[PDB]
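Read the structure below first, then the notes.
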Amino acid sequence: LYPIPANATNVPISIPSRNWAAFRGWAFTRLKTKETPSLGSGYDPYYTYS
Amino acid sequence: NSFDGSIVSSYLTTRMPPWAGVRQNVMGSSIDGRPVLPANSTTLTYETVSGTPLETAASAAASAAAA
Amino acid sequence: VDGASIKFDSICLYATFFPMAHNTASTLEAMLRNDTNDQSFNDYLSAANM
Amino acid sequence: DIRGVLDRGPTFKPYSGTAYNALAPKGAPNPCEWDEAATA
């Protein structure tokens, strides 16, 4: 996931060097930040959207 | 500023380069106490050697010329 | 008479050395220390002013 | 490498002509007042 600030218009990214054996293509989509909960932690008190 | 609730530092930061006048822009000071303008000031583009003390007034030279 | 005066403050000598490889530098030194490979010079004006 | 201070004295003047009121006529006096004894 990559953050896109408000009113923005370019987002650049990078992956540092790796090996890319058996890669099979990208796939992307854009989500609204307040609608994506913070998985990975036990419980996100900032996920105020249902 | 309508309370921008974005992560205060999301972009990648780069290690501070170790030399003079790049750590932060604050009103500096000379070795003997003269004020120094900030690093990003316009007036620091060129160099000001500003050697103030001229040679002592050569009134002795004028008297020697008269004599 | 017009009192235009000068005042030396400091003086430092500067010099620049070609970063010669040490083997080649030593060989060159051994060459120029030879009796026959001395260095000569002549003043461009060459003269005896009177 | 030499550094120091050099003073050229009063007589150094790299510009030809003047610096002030260069356009003004060379005979034109500035607005002045003076005394002048006279009895009538």
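Chain labels A, B, ... are given in the sequence in which chains occur in the structure tokens; within each chain residues are numbered consecutively from 1, and ligands are likewise numbered from 1 in the order shown.
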
Residues within 9 Å of segment 12-19 of chain C, only C-alpha atoms, excluding chain neighbours under 4 positions, as a ChimeraX atom specification: /C:25 /D:1-2

Using the selection just defined, write its residues with N, CA, C and O atoms as a tab-separated table (two decimals), in the first residue's frame.
chain	number	residue	atom	x	y	z
C	25	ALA	N	56.52	6.32	-10.52
C	25	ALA	CA	57.18	7.47	-9.92
C	25	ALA	C	58.61	7.12	-9.53
C	25	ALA	O	59.54	7.90	-9.79
D	1	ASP	N	50.52	32.10	-2.63
D	1	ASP	CA	49.21	32.65	-2.33
D	1	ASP	C	49.37	33.78	-1.32
D	1	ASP	O	49.93	33.57	-0.24
D	2	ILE	N	48.90	34.97	-1.67
D	2	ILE	CA	49.07	36.15	-0.84
D	2	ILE	C	47.71	36.78	-0.62
D	2	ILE	O	46.93	36.93	-1.57

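Residues surrounding segment 7-22 of chain A within 12 Å are residues 1, 2, 3 and 30 of chain A; 4, 10, 11 and 12 of chain B [only C-alpha atoms; sequence separation below 4 positions excluded].
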
Please extract the residues of chain B with a backbone DSSP assignment of alpha helix (DSSP H) and present them as a count of residues only. 8

Using only C-alpha atoms, what table do you get, as a Markdown table, when you list each residue of chain D with an atom no more than 10 Å from chain B, its nearest pair of atoms, and their distance in Å rounded to one decimal, rows by chain then rising number?
| residue | atom | partner | partner_atom | distance |
| --- | --- | --- | --- | --- |
| D:4 | CA | B:51 | CA | 8.3 |
| D:5 | CA | B:54 | CA | 6.0 |
| D:6 | CA | B:54 | CA | 6.8 |
| D:7 | CA | B:54 | CA | 6.2 |
| D:8 | CA | B:54 | CA | 9.8 |
| D:9 | CA | B:58 | CA | 9.2 |

Save the residues we just selected, N, CA, C and O atoms, as an mmCIF file, in the first residue's frame?
data_model
loop_
_atom_site.group_PDB
_atom_site.id
_atom_site.type_symbol
_atom_site.label_atom_id
_atom_site.label_comp_id
_atom_site.auth_asym_id
_atom_site.auth_seq_id
_atom_site.Cartn_x
_atom_site.Cartn_y
_atom_site.Cartn_z
ATOM 1 N N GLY D 4 45.835 40.112 1.812
ATOM 2 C CA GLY D 4 46.074 41.241 2.677
ATOM 3 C C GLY D 4 45.135 42.375 2.361
ATOM 4 O O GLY D 4 44.130 42.201 1.671
ATOM 5 N N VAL D 5 45.478 43.556 2.860
ATOM 6 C CA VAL D 5 44.664 44.745 2.676
ATOM 7 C C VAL D 5 45.473 45.781 1.920
ATOM 8 O O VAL D 5 46.634 46.041 2.251
ATOM 9 N N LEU D 6 44.860 46.367 0.902
ATOM 10 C CA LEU D 6 45.487 47.383 0.076
ATOM 11 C C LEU D 6 44.588 48.606 0.030
ATOM 12 O O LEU D 6 43.385 48.493 -0.210
ATOM 13 N N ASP D 7 45.177 49.774 0.267
ATOM 14 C CA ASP D 7 44.450 51.037 0.259
ATOM 15 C C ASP D 7 44.996 51.885 -0.879
ATOM 16 O O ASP D 7 46.208 52.094 -0.971
ATOM 17 N N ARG D 8 44.106 52.374 -1.741
ATOM 18 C CA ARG D 8 44.546 53.103 -2.920
ATOM 19 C C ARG D 8 44.608 54.606 -2.700
ATOM 20 O O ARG D 8 44.997 55.335 -3.615
ATOM 21 N N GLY D 9 44.224 55.089 -1.527
ATOM 22 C CA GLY D 9 44.357 56.490 -1.219
ATOM 23 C C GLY D 9 43.293 57.339 -1.879
ATOM 24 O O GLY D 9 42.420 56.845 -2.592
#

Among the residues D:21, D:39, D:11, D:16, the one that comes closest to chain C [using only C-alpha atoms]: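 With only C-alpha atoms as the atom set, the closest residue is D:11.
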
Within 8 Å of chain B, which residues of chain C are there when counting only C-alpha atoms? Please give them as a list in words.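 Using only C-alpha atoms, chain C residues at most 8 Å from chain B: residues 1, 2, 3, 4, 5, 6 and 7 of chain C.
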
Using DSSP on the backbone, list every residue of chain C that comes out as strand (DSSP E), and give them as a PyMOL selection string. chain C and resi 6-11
